[PDB]
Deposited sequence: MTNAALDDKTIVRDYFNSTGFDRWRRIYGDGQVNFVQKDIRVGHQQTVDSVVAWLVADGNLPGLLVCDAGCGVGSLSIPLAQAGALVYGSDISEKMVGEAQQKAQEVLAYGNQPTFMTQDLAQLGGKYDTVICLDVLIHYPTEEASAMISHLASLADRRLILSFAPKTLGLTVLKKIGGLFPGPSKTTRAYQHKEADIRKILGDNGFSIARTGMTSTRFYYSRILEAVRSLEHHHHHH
């Protein structure tokens, strides 16, 4: 018997249990405390900023996009609404199930994202753009490095990441940029969401 479950299992079990209930609420509608409300608003800003980047490029309709660690589809759904071909995945079956429910309710039989329960490190195939928002916060830098390298291998052109700049882990921007550089990516656009209880640094990386 192990002294500890691996980080992925701990995170997965959390988002399949009480984490599902708490984050479905934060990412959804209904009463929240002022801390949770701040997180809801901040996270919405991060999502909206990324959608805005992709819309601004003019090539979003028909674009193949991987949304790794998609949660309840907060990013996947608006990208699909804008015409992207979205492939969302999450390690938590509960989060994935909710994403599909929310998608079916608002998109019906139109351009829906495709949702799969899977560890992002096990994803295959190739995409124009790979996106991983507010997921790396759950892993130490060493593991985050391996995750970024795997995501990079799926990205033909672009990788977009967000992280808390230096349970929960902060990452040094210098470290994240180094890992991206090691994988053959240069930094293009960047962003930053800063509220009272929510901090998310956003990097757009493009294959050079």
Extract from the deposited sequence all ranges with no corresponding C-alpha coordinates, numbering residues from 1.
1, 168-188, 231-238
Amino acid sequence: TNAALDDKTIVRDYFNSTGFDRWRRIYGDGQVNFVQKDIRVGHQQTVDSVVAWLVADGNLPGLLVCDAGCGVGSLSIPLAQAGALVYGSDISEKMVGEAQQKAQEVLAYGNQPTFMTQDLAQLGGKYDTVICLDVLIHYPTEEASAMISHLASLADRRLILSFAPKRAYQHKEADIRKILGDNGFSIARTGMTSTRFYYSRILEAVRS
From here on, numbers count along this sequence of modelled residues.
Between 143-151 and 35-43 (mean CA B-factor, as deposited), the higher
143-151
Looking only at CA atoms, which has the higher mean B factor in the entry: 76-84 or 99-107?
99-107
Chain third (lowest, middle, highest) by recorded CA B-factor, residue given as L5:
highest
Going by what the PDB entry lists, where does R12 fall on CA B-factor within its chain: lowest, middle or highest third?
middle
Could you look up the Cα B-factor of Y169 in the entry and say which third of the chain it sits in: lowest, middle or highest?
highest
If you rank the chain by CA B-factor, which third does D29 end up in: lowest, middle or highest?
highest
Split the chain's modelled residues into thirds by Cα B-factor; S194 lands in the highest
